């Protein structure tokens, strides 16, 4: 409906109606829900919620199905005085019912279109079950694999994260200005603003601290890119930002998000974060929490009651302007209008059962394709892989038969629809003998059974991994290792004298040195989702050819953290030339290098790259155009990820040794050759200075073209002169 009519609604609402519009609740706190009704009475009483609250609530969080939504919405519109529909929001993180790989695995794809497709299918399915908003993408930069939430990020590089962030928004939303018409697309909500990934010691919800310049340089760019691409909502973070909980941080949310980033949508709190500023010790009570959160421009309080119980008295007593409340309500109403809820509150569902769109075979093919783009081949000694379909396989370990392959942050997908490793392999391989072991134990009996199976077969597929519950939210590990029983299992299998491929399933970087040394091949599958076993079988048999690259560094050991490719040089860098000396930046007990670096991954193919002549000089403001010819010089079709990095050799701030500024994943048949071109705009050459200005300085840059952050040719470009 027209804007005038939206403003009209705001004027017509009572104060109590406006306050409750800023509250989000679980579905079973509403009448008309069709699940968990036994939770409703107790919990309404505990939150001290009344009908006047729930009949005017603004939003539902985590509806369980289309029927739940329809029922809740129908009952609510019966009794709502002005006919304002609820908006329904959900966590669709890496798929709805068709589960795609976890985001960190999608990071390893280096493939924008893979990520857009995941987001499209997610929305197709989620809208079919009546969800309007997804709490994705998660764009927290991560340098610390202790933190369980790395699984939800695309990794340690802001440029990659920004690019795949944009891809996800485009896939969920399509043309954002048509979300009232395109009812198979949904609103995206960027999270968690800001810098949540820098949690001290990888500990969940823990202190975050960095300079404002670093915040702007590394931690903000990905949220900013997704906002500029049209993300409709933003969610606050649990952590402090320079000492102030993000949720009531007026500088962060008013000056930066609403001011500088020009964000004019709904700012929704993370779960309970408005009430938690009390625990943080920056509000005395819920009256203060409410006041400060509203000052900071939080429109929507998720599942706490600070707003509903305190706003009235704050507005009555004059501590808080009613104008701040009206602008929140107006943003909530504009969101609903943007989704077409005032013309169709059932968002396409009321006379249209869209069950048919959920968990289709076409969608499964897409998740499989996503799986095979995202996996990373870390070792393959002696061309052990791909296996022949006649290879006789002993398939052993805790991930042999585990149905736990869908990943963390899988709120709607079901393990029964998932394909485990055994099932996947037996579709492809005629002889498989299986010995499943426990996640945290290695018994004598297991060793006997494993030994017997390996004696029978020709090659071992050792399937190791984490339970998904060892990561995700509030799954912090001080030591980033598998249970020791799995390292013992790999050591045992090695002694049997048969070639061993390790297929590793996990949600974070781990200490894998002992796995690489105990096997001939090592494949990082992460958690591929619904098609897990087929993803694995096709990569092992060569039906698909591994093409993923690490989007996060794999530490030598836990105490190397944080280690990441885009690091500063320091004043005493270790060089090939000073190897050995005491007074240089090094550890006495490990290498400075991570075990595996950013952008690293193997292939069954072999490629050669050639960069065309680059200029020696460039004007300020000028783009550098980078042409690369790549040839598949093997007999196997495959894909390579061309990566381009820039370094600022001398600057007024000590700049990273490399930063990724472009990438493209190129598919090549045997013998095929292609040319791709990149444009590094003058923004790629810029950075934040000690004064927090985005600047471009004259001087020397190096340009790295290659297939990892380490496997590169280097070129020099002197920037100066006049500005374009």
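Residue numbers count along the first chain shown, from 1.
Taking the PDB entry as given, 177 to 185 carries the higher mean Cα B factor of the two stretches 177 to 185 and 477 to 485. The mean Cα B-factor in the deposited entry runs higher for 261 to 269 than for the other of 190 to 198 and 261 to 269.
Across the options 666, 66, 60, 662, the residue with the most elevated CA B-factor in the record is 66. When the C-alpha B factors of 250, 392, 166, 534 are read from the deposited coordinates, the top value falls at 392. Annotation for residue 94: CA B-factor lies in the lowest third of the chain's modelled residues. Annotation for residue 295: C-alpha temperature factor in the middle third relative to the rest of the modelled chain, per the entry. Residue 308: CA B factor in the highest third of modelled residues in this chain (values from the PDB entry). Among all modelled residues in its chain, residue 468 ranks in the lowest third by Cα B-factor. For residue 112, the recorded CA temperature factor ranks within the middle third of the chain's modelled residues.
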